[PDB]
Amino acid sequence: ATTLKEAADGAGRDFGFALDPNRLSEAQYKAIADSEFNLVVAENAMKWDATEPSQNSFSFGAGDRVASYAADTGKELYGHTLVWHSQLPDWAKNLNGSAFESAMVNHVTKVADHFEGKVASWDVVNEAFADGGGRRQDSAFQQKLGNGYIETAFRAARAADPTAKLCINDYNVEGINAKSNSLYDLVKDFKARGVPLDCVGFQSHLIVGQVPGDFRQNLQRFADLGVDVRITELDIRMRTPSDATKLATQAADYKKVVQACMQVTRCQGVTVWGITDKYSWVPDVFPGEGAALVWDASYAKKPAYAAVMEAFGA
Ligand SMILES: OC[C@H]1CNC[C@@H](O)[C@@H]1O[C@@H]1O[C@H](CO)[C@@H](O)[C@H](O)[C@H]1O
């Protein structure tokens, strides 16, 4: 293998990236997208704000651009995300009770129908749980609808799309902890009761030098519930600027994560949350942090590139 795509392809796994369709007009970004990945997810274009800016009025141009990109380049298309507390339009926040439930259901139905037969898997529900265990405490869905909204969303998604893989996705659930235990309890419950649910996403927004040592064990216990698992938003952030020590640790960290996936038969693969440090979400959220991706801000391969290649077994 001379690309990450080749390494993943050879391994029988997915290696994906989060796409901003506007950056496709930057030829270097498109060149790397085209050649280094076999899966794509929309970083932002398929979220609720991006798709339903006013009630029952849909804006699918950006999401369609991502889907068309996947079809044109022969990549698997991963759907993110139908139900998420963050960036919810004010019109939806202003609804309550049955009116809010119906807006959620309509959102799930219309977005899943629109992309049916293109999107292979959906993050149906994103970030439902709380660090330290139990349900998230600043969620419009949890607050307005209570515990049952997750099941409602999954059933609505399956009603719309009979065959898509339906995933629940979260962060800080990579190790075995109160948060991933709560997630585990739900997955086991849903499978026990025949609630549509096929996969679990582990975002893996990690800090350099801090990869959970029990990540493989955790992925395995989820797979053993009878669902597929996926590393969905991998990046590994450091204090900037980078230096040789930090880049080496980061490479070792990327290898640890990709190996944990390789070690679990039902781990579908690994998606990194962007291509280049140039565009990464990290610096805007965590001042003085960044350099979290596989390519730097000038599109030079970092040591993480070789590590990922090696981990896929190339
Ligand atoms: O915040 C980083 C990611 C956490 N897990 C869910 C992903 O959707 C997040 O992506 C970021 O979403 C933000 C809000 O939509 C957006 O401003 C950033 O561009 C995304 O990377």
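Each residue takes its place number in the sequence, starting with 1. First listed ligand is number 1; within each ligand, the first listed atom is number 1.
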Without hydrogens or angle criteria, can the side chains of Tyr171 and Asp131 be said to hold a donor-acceptor pair below 3.5 Å? no
Tested for salt bridge (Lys or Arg N to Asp or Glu O under 4.0 Å) against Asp277, the lone hit among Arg237, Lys302, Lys301 is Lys302
NZ of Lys188: more than 12 outside heavy atoms within 6.0 angstrom? no
Only counting residues at least two apart or in another chain, list the ones meeting salt bridge (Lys or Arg N to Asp or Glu O under 4.0 Å) with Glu26. none
Residue contacts for ligand 1, heavy atom to ligand atom, distance under 4.0 Å: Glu43, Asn44, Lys47, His80, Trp84, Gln87, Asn126, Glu127, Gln203, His205, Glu233, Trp273, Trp281
If you compare all heavy atoms of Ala18 against all heavy atoms of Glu43, which two are closest, and at what distance to 0.1 Å? CB-CB, 3.9 Å
I'd like to know if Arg230 and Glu76 make a salt bridge, using a cut-off of under 4.0 Å between side-chain N and carboxylate O. yes
